[PDB]
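**Q**
There are 4 protein chains.
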Amino acid sequence: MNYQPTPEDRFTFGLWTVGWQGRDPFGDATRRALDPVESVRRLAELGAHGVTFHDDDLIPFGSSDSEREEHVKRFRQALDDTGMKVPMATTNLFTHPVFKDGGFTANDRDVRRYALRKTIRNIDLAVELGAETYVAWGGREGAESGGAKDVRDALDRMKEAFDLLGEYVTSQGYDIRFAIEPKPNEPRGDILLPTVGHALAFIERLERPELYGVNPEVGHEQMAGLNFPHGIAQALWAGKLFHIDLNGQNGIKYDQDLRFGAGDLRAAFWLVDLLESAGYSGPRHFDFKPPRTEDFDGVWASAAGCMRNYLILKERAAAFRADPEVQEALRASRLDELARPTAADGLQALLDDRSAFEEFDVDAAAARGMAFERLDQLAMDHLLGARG
Amino acid sequence: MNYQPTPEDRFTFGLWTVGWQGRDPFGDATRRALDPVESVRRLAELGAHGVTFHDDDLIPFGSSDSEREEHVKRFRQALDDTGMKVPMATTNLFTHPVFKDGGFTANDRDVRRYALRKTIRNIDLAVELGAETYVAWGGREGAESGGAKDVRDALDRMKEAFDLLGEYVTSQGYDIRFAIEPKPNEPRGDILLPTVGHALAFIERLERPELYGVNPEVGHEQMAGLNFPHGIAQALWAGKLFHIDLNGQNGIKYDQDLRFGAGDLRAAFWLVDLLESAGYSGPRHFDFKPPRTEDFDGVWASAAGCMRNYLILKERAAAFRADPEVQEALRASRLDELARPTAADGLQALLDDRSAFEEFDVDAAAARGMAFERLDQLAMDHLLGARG
Amino acid sequence: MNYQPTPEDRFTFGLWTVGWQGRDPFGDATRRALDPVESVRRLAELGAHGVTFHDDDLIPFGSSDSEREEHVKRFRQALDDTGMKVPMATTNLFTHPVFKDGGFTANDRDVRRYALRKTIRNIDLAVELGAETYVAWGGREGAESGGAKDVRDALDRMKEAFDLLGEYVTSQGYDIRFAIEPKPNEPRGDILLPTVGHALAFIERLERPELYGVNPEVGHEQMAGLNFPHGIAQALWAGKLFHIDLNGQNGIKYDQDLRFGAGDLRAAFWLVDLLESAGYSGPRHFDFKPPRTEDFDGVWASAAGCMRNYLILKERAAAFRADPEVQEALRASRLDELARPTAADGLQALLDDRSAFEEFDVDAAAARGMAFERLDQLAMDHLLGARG
Amino acid sequence: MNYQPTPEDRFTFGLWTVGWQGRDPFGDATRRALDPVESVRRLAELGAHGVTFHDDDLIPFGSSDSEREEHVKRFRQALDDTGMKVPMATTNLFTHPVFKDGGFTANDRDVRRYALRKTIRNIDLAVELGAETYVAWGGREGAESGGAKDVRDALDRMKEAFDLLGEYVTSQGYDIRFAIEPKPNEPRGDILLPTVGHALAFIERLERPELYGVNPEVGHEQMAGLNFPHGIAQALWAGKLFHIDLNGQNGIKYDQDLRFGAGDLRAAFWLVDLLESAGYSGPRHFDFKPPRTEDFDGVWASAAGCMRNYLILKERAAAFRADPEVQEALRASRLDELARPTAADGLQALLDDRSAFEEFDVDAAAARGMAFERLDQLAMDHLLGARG
Ligand SMILES: O=C[C@H](O)[C@@H](O)[C@H](O)[C@H](O)CO
Ligand SMILES: O=C[C@H](O)[C@@H](O)[C@H](O)[C@H](O)CO
Ligand SMILES: O=C[C@H](O)[C@@H](O)[C@H](O)[C@H](O)CO
Ligand SMILES: O=C[C@H](O)[C@@H](O)[C@H](O)[C@H](O)CO
Ligand code: NI
Ligand code: NI
Ligand code: NI
Ligand code: NI
Ligand code: NI
Ligand code: NI
Ligand code: NI
Ligand code: NI
Ligand code: NI
Ligand code: NI
Ligand code: NI
Ligand code: NI
């Protein structure tokens, strides 16, 4: 058995992932900066499909228009030389001190206007490079204290910002869609739109909701102790899973951004099972950080491992679903009945149906076991490659 | 200073709260059952406005229609004797073994039909008793293992159930609205619609979304480490805060249902500040459990304490907002600017505004402190009654 | 490959595990009670080595001495018929309402004396049945509120209790040792001695510390977000791992007591690697609850799964450690150097060693990568059976 | 009422607290560096008693011996000019890349020797400046992955390091004691000795345990969801609370290091009640970070707020304990009985006492309420200044 990725697998990486220098709240960088061109070349050799970027990853903050041109031309030549694509781009609205209280929901109105202009400039670049999805992660939108932020006013400002961006894209005729990335905390004590559900709910209040979806991240939902596969199922159900960020997280703590497959391994299995069975056709993007213990050889090993673990889990989930014994166990647990309508006969027939209440034998129904443990141990056996 | 509740304060309690007998996963009951009539009389003496119930709290499961009538008539006489109201009712779809895999999203179709009929029977009773809000808490909707529940099918079943209930209420001409109560886990390993955001998002996919809102509970959002006042602000912003359950919780662990004001005290302060400043006019319902250490005197003390703590926090939040020094601090932290539109001049003027980008002095903007710590210490001083 | 347990594998189960009837805080029992004799017979057929019990699991609370004798004689005949052993016993100091504020640290002195007498009666029974370890889980020792419990006085009472029990065992000449089981919360809002570390520290203050060790449980340390294998390593290092409770837990929430291998699968792998490589020779006891969704066939499937998952992980950890490629990776990550003393040359030589400071090349040392990601992906490949 | 600190209150601050420049994992510094001399002068004006430092806070890493002398002389003159003391010092073994896998438990032996020499050099400086306590926070001791660190070998290395430091202090004749600061995670995925209990247990295995205690931090124990006042009570009980770090934390997430009194306010109240009633006489040290939203005026406001909140809580806890109504409630809840020995009559008398078992009326005992809710609402009323 081998597990070699190809560009057809649609694995993508942000420049800032393999390029993370290892600075953390208590420590200096342990690695030198990587030239974006170098990252594109090394990722292509590993079998990746493409790369993503923030404006400031590619073009140093404050660059002159002439240096901006220079940086883009070099990057484009690396893309041309390798066949790598750029399916997604995003804005850095979190590193510079001016964004210390947010971009779109900063209390200072002049900062909010700057945040919008900085974003618009980079959407134009994203379209030129062929990106299909524009992600927004409002990492500084939030608060450490209750009085600092009126959240209803902040949501008004957030909606105003996304509605303006939607007006821009539509007036320019661009074919690009937005994806909001929720995170519950870090770096702010609480971040607005903290989970996939809060982001989905907010989108329905935008003027053109069809332009907006979610970009959920494995470790972010897990920082609130939530079930990531469940949240992804709700996003799919809503038609809003436009992009996804894959990584690993060990529980409720700071966001670790481990390589995919690390952290909660069984959650990773059920996530791959769901993406592949739902036909998700977007990029499989890794937003991870090679630990600062590693040198560059460990960076590339960690990146390769992201893709390897996806492909092992894909094989195991497919084997699980194709196993006749598992298909019989699913019927034993009545997953087939869950897919059937409760009352396609309609309200009135339900009200007239004595077998649904007057003559329903509750004790007999209650005695039926669900057979979930046998089903879950077949899933475990498939994940560990222990079938016999 | 005293803090005496009156029925005008709209404090309400579920029968199951003060009536909790103290059974927990590791222990037997420590208190005898309370007759509902006794609870209504004692709560009225404490100054409560009304009570709420599950079907099975008032009418013992499996009761004959003749005993059902008897139980309702006794309850109604206690309401008439005390002036207590019944603003909300709900269904027990979680205690009986038949609901072990859920009510509306049980894999067994016959159970789902029974769950709907049991619910409909109690909506009719709720309307007769004058309830305005019908809560649904899907405590058994969820899973302990990944294969047991296809969440997209489960969401289809959940939507089908709520759409049928909406058809029923509208065809009967009832003036009642539904409120979905999210909870992330317990008793299932993960529960569907785990937070206020996931519930808000789901409602927008119902056929008649205007009939449905949320009933958030303090401790439930805190079991996912989320900021309850923030989630309530999002519900208010959406127009969907139809009801609220107040209690206390110490962090991420089993749901404790302590009396209101226990658990996270500063969160309780910012919650009351927000409800009172937004003009929330619904019931202030306490869904709490007097600890099983207590006898009945401690039950009534714990219930009184719920109301007392609300009224102390209400006084402190009002004093905070009325203090001229705090009003000046809010302007210093630019909360006034947060309430102003970012770009009422419109997209095109924003794009043409050189002061928003080309000539924006980012360093000067970044140097301005937000003054949030001085503001937060004024809030602390007001909460502790330490102003001078 | 198969994974058949035998009594030589030392797998043991509490009567209360497979016998759990499915009562939870929000629901009635879903299964009938099991006769202890039936459980012993079914577990022996599955390949278990033995069973454990609380006093009240075997002998109904309040039984007459004549009924006590009857229950023990029946149990003993089932042990004789099956070859099953009883390596551990414990006391129920948590279910009866009299223990609502604790057993050994209840505020009421008469309750504390009763708790000690109830415990002593069952140690005598435990020795008669051949138990080697006596577990104490102080599930009701703790508080919901700060004023209810002076923790220094409570620790005095806890120490007094364990010192008396040590005096009893030694004066009777019994060969039995005690194991304290920590848990951070549930059913009390905070429980005393909440983690393995707090229990280890407390033992060192007992009069005869050599008689006391720890009985850590996978899900309990994980309810505080701690690394269970790390805590077990500290207990081994201290010589205090007398017993262990195996199960699974999905993060920080109520204690789920899933079957072993469920919950955090990678933690389960590193736990088995450590127990087997340290030569832990005590029972592998499962303290788990078959989910209340299951009928008795699912109970036995869940129990079998506990043992199966241990044996799969044992095989994978052994293959990992025996792989020459992994042995080379461990040297590359300098695990061999971690095992060597830092300064066996002594203090004075260290102070005189210029290469340790004056002439130490910090930049060269800092540039060396630790190669941990390659090592961790070999571990992942071994766990998933993906080596090539 | 005012709340003015004086040096007699023993409030102390690390140079790195008010000096934090605002760098976080996602953002650049928002404030310029502070000269240590400036911090000492401003803190003295606010009423602080003293300051603490890491070696590298005072003397820039890699400084020449001549620049080292210069930096110390300037600092000493600021201490002389202000009357400020230096009660505690510590080593930075976490910022430089050479410590990326730890100091005392790094896999590379040469790094471990360097870590010890760097520490010893700073103990000599600490004694010269009059420090009484030397803190060790092993922030890089730990792992992101299971194979990277054999924890038994790591604990051997940790013990070897602390034993060498104890030999050094004793051979030099220094009057200084060590305090180990536990933290469960951040910056490593799991840190060794993650809680107060694990640190206390480890100390008992050192060669000279009397030289070592703990320096617990409010937010660190709360990052594992533990009860900080309870952990402090266990440290006091053991005689090991040598120092304490005060700050605030909102639950289980990244360590926020908010000002003291922020985060869990009721926990702060019970902490002050316990320190003051136990007679803790060491420094009240604040290890906090003024949020990066603030300018220098907000830094000093945040620092002042630390001290103010301690003094308000001290007043409220004292009023609580002195209130005759609270003293009566404590007797009603039998706190007086908790302080009495369970069995000072001895084992044999307990075994012969029929009232402790044979004739103990369990039902009567179980019916007695503990009256904890009335007690807790008196505590709440005192905290909020609502007594009447
Ligand atoms: O923790 C933060 C986020 O995961 C971040 O990396 C976003 O993914 C990226 O900035 C948005 O495009
Ligand atoms: O933990 C559970 C819920 O809080 C529950 O009490 C709901 O509030 C009530 O059953 C719905 O009406
Ligand atoms: O959650 C609780 C504990 O795990 C419990 O089952 C103890 O293991 C047993 O009662 C002690 O012997
Ligand atoms: O999060 C980290 C710690 O709290 C740290 O500040 C220690 O207190 C100090 O470095 C030890 O002296
Ligand atoms: Ni992220
Ligand atoms: Ni992340
Ligand atoms: Ni991301
Ligand atoms: Ni609840
Ligand atoms: Ni609750
Ligand atoms: Ni509720
Ligand atoms: Ni347990
Ligand atoms: Ni457990
Ligand atoms: Ni256990
Ligand atoms: Ni800290
Ligand atoms: Ni901290
Ligand atoms: Ni600290």
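As given, the protein sequences belong to chains A, B, C and D, one line each in that order. FYI, the authors' numbering numbers position 253 of the first sequence as 253, with every residue one higher than the one before it. FYI, the authors' numbering numbers position 186 of the second sequence as 186, with every residue one higher than the one before it. FYI, the authors' numbering numbers position 97 of the third sequence as 97, with every residue one higher than the one before it. FYI, the authors' numbering numbers position 295 of the fourth sequence as 295, with every residue one higher than the one before it. Even for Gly, the Cβ is constructed at its ideal location relative to N, Cα and C.
For residue 400/A and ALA233/B, I'd like the C-alpha separation in whole angstroms.
**A** Beyond the ends of chain A as shown, which are 1 and 388, falls residue 400/A; an answer cannot be given.
**Q** Can you find a CB in chain A that lies within less than 8 Å of the CB of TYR174/C?
**A** Taking Cβ atoms only, chain A never reaches closer than 8 Å to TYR174/C, which makes this a no.
**Q** Cα separation between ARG331/B and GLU67/A?
**A** Approximately 40 Å between the Cα atoms of the pair.
**Q** Does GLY146/A pass the burial test, meaning 16 or more other C-beta atoms within 10 Å, or should it be called exposed?
**A** By the 10 Å Cβ count, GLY146/A comes out buried.
**Q** Can you tell me which of the three DSSP states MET158/D falls into?
**A** Three-state result, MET158/D: helix.
**Q** Keeping to the same chain, check which residues put their C-beta closer than 8 Å to that of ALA343/B; ignore five residues upstream and five downstream.
**A** So the list reads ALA349 and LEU350, once near-sequence residues are dropped.
**Q** What are the start and end residues of the alpha helix (DSSP H) that includes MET380/C?
**A** It spans 372 to 383 - the alpha helix (DSSP H) in which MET380/C sits, taken as one unbroken run.
**Q** Taking C-alpha atoms, which residue in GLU204/C, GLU210/C and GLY248/C lies nearest to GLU217/C?
**A** Of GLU204/C, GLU210/C and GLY248/C, the residue nearest in Cα terms is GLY248/C.
**Q** By Cβ distance, which residues of its chain are closer than 6 Å to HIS230/A, with the 5 residues on each side in sequence left out?
**A** Cβ neighbours of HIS230/A beyond the five flanking positions: none.
**Q** Of all the options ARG41/D, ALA319/D and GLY138/D, which has the alpha carbon lying nearest to the alpha carbon of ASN92/D?
**A** Comparing Cα-Cα distances from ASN92/D to each of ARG41/D, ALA319/D and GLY138/D, the minimum goes to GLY138/D.
**Q** Below 7 Å on C-beta distance, what does residue 400/D contact in chain A?
**A** Coverage of chain D is limited to positions 1 through 388, which leaves residue 400/D absent and any answer about it impossible.
**Q** Could you tell me whether any Cβ in chain A is nearer than 8 Å to the Cβ of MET1/C?
**A** Taking Cβ atoms only, chain A reaches closer than 8 Å to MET1/C, which makes this a yes.
**Q** Counting beta carbon pairs with one atom in the segment 285 to 298 of chain C and one in the segment 25 to 39 of chain C, are three or more of them shorter than 8 Å?
**A** Flag = yes, the segment 25 to 39 of chain C and the segment 285 to 298 of chain C touch.
**Q** Do you know how far the Cα of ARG117/A is from the Cα of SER355/B?
**A** Using only the alpha carbons, I get a separation of about 10 Å.
**Q** Within 10 angstroms of the Cβ of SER302/D, are there 16 or more other Cβ atoms? Answer buried if so, exposed if not.
**A** With 16 or more other Cβ atoms within 10 Å, it is buried.
**Q** Where does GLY279/A land, buried or exposed, given buried means 16+ other C-beta within 10 angstroms?
**A** Exposed, because fewer than 16 other Cβ atoms sit within 10 Å of the Cβ of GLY279/A.
**Q** What beta strand (DSSP E) runs, 3 residues minimum, are completely inside the segment 172 to 257 of chain C?
**A** Correct list: 177 to 180 and 212 to 214.
**Q** Whose CA, out of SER63/B, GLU207/B, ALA199/B and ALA126/B, lies closest to the CA of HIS220/B?
**A** Nearest C-alpha to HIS220/B: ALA199/B.
**Q** Please list the partners that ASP353/A has in chain D, where partner means a Cβ-to-Cβ separation under 8 Å.
**A** Correct list: empty, because the minimum Cβ distance to chain D is about 48 Å.
**Q** Here's a check: name, in chain order, each residue in its chain whose Cβ is nearer than 8 Å to the Cβ of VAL98/D, leaving out the five neighbours to either side.
**A** Taken in chain order, the residues that qualify are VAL111 and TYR114.
**Q** At least one CB of chain D closer than 8 Å to the CB of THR91/C: is that the case?
**A** For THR91/C, the answer is no, since every Cβ of chain D falls outside 8 Å of its Cβ.
**Q** Would you tell me roughly how many angstroms separate the C-alpha atoms of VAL51/B and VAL40/B, rounded to the nearest one?
**A** Computed Cα separation, rounded: 7 Å.
**Q** Pick from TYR310/C, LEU274/C and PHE357/C: whose alpha carbon is nearest that of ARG321/C?
**A** It is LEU274/C whose Cα lies nearest to the Cα of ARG321/C.
**Q** Less than 8 Å between CB atoms is the rule here; does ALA371/C satisfy it with respect to chain A?
**A** Yes, its Cβ sits closer than 8 Å to a Cβ of chain A.
**Q** Taking only three categories from DSSP, how would you classify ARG284/A?
**A** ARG284/A falls in the strand class under three-state DSSP.
**Q** List the residues of chain B whose Cβ lies closer than 7 Å to the Cβ of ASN250/C, in chain order.
**A** In chain order: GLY189.
**Q** For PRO290/A, tell me which candidate among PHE360/A, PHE269/A and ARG259/A has the shortest Cα-Cα distance.
**A** Closest by alpha carbon: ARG259/A.
**Q** Near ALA267/C, what residues of its chain come up, given a Cβ to Cβ distance below 6 Å and the 5 sequence neighbours on each side ignored?
**A** The residues are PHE228.
**Q** Expressed to the nearest angstrom, what Euclidean distance is found between the alpha-carbon atoms of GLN222/D and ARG308/D?
**A** Looking at the two C-alpha atoms, the distance is approximately 22 Å.
**Q** Counting only Cβ pairs nearer than 7 Å, list the residues of chain C close to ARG292/B.
**A** Result: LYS100.
**Q** Assuming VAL127/A and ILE176/A make a contact with CB atoms under 8 Å, what is their CB distance in whole Å?
**A** At roughly 6 Å, the Cβ-Cβ gap stays under 8 Å, so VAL127/A and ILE176/A are in contact.
**Q** Measuring only the C-alpha atoms, how far is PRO324/C from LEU384/A?
**A** Each residue's Cα considered, the two are about 22 Å apart.
**Q** Can you have a look at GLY282/A and say buried or exposed, based on whether 16 or more other CB atoms are within 10 angstroms of its CB?
**A** Buried, because 16 or more other Cβ atoms sit within 10 Å of the Cβ of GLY282/A.
**Q** With distance defined between alpha-carbon atoms, name the residue in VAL196/D, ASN107/D and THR133/D nearest to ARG152/D.
**A** If we check each option's Cα against that of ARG152/D, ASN107/D comes out closest.
**Q** For the structure I just gave you, are there three or more beta carbon pairs, one from the segment 161 to 174 of chain A and one from the segment 78 to 88 of chain A, closer than 8 Å?
**A** In short, these stretches do not touch, since the Cβ pair count stays below three.
**Q** For the segment 264 to 287 of chain A, list every residue whose C-beta sits within 8 Å of some C-beta in chain C, in sequence order.
**A** Answer set for the segment 264 to 287 of chain A: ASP264, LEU265 and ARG266.
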